[PDB]
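A single chain, nothing else alongside it, follows as structure tokens in the form deposited in one PDB entry.
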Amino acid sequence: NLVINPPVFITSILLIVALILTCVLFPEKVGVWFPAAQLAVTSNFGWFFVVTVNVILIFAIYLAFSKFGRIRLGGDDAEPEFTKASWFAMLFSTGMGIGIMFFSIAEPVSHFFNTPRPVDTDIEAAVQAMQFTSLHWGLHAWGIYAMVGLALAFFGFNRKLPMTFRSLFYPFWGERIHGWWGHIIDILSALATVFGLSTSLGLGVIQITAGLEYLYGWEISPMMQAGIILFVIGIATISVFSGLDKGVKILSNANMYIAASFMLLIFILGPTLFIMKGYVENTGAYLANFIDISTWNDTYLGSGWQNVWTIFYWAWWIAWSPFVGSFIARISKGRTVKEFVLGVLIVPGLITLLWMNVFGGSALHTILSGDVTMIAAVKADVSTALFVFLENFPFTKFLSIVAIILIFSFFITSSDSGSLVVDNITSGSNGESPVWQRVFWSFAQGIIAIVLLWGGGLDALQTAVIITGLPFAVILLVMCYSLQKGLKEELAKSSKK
């Protein structure tokens, strides 16, 4: 009935309620304090975010290509439940649904007219734009996801422990994680994953309303935005309470199939030789200047460009890493550490770059051809970039409708996917909690997205993400260091006949 963890459940509820009250009955105060706080945090700790993501990626590479990579998740006498192709498909399904569909065109074009670093020619501007979107989506995001998923899988399969952030700090804290010391980590993890899920929720909402406005000229107001959010979460709780089926795996497969069909349609109807040439060239350039852009901090110029694009992306990945890592760990049992890390790092990191090329590089090809019309639309609003990019394609209305449907299905999938992660983190156990708690948490994330959207749109999701992702960046660093020790202890124990 009420199987909960009080010090985590009540603390998260109280903190979320306090934030909602602050943002709903101090309008001007919250609207003035949030962007100043976000700017201060990002300006002061962009170096720390960059160092954290680089260290996590280097640690993932090291774990993949060391003696620790021979350890098989779930024990030596375990076998994978899925083939490599299915595992890779599910890994790409875990990332990314809404962020990809929202930024794949807005970001490469926003790095064209607003370059991260000064360039002279438009060719170099396009190359730099593709390089920076590859940096944001290519390997560091999947590095963080792979590290969190590896930690969760190792400490929930090889250690017979709940796959929350409590058990990830066992090796160096012993039994102290059970009382008031792992409670803080669980609270921070729940808050960070809730805010990351709510950011994805909000991104989907803004893009779906922009698409409806562009297609039909409808005059939307935040009232029907809230109505859309409530209706979608109602569909989710209907699918949860009166379960038609396991509407996650089948919906994940449908989403992957529809996204692949969309990518193939854009690849064929748009440029085809240009897309392949640009994919090869841009991946090579991204891997050639990897250390130059990964560690770049904009220290000498001081343009402040990283405060909205790069540091925000690192904070987002770090903050909502628990949600992605949970489902990365669910589907990876019986696969060794090296194979797991390489599979999470490379294949989804390559498919994401392929999608980035297929969409953003095609947009940049249109722009470089003199057809500057996405630049003006994105300068007006970045939520219509996809629906302006589909204007110069055959079946513009059908492609726009399919993109809206894909966004809405990713919306349901994320809402029904992160709800169970938050429920498990909040109430412990492994899913014995009743469905009403899951529905309540879905409602909470929906209203959090609603309040954040009404408090600035795409200027309050980033603020909360960065604010709650900085301490979670610290937690990620400590968690990587503790996972090293736990893996070393397990390897030493196994190598004893």
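All residue numbers are counted from 1 along the displayed sequence. Throughout, rigid core stands for the largest set of C-alpha atoms superposing within 1.5 Å between the two forms.
There is also a form deposited in another entry; it is not shown, and the following applies to it.
**Q** After aligning the rigid core, which of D76, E124, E175, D245 is the one whose Cα travels 2 Å or more between the shown form and the other one?
**A** By this measure, the answer is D245.
**Q** Core-aligned, is the CA shift for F92 between the shown form and the other one 2 angstroms or more?
**A** For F92, whose C-alpha is compared between the shown form and the other one after core superposition, the shift is 2 Å or more.
**Q** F274 and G95: their C-alpha distance differs by 3 angstroms or more in the other form. Do they come closer or move farther apart compared with the shown form?
**A** Farther is correct, given that in the other form the C-alpha spacing of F274 to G95 is increased by at least 3 Å.
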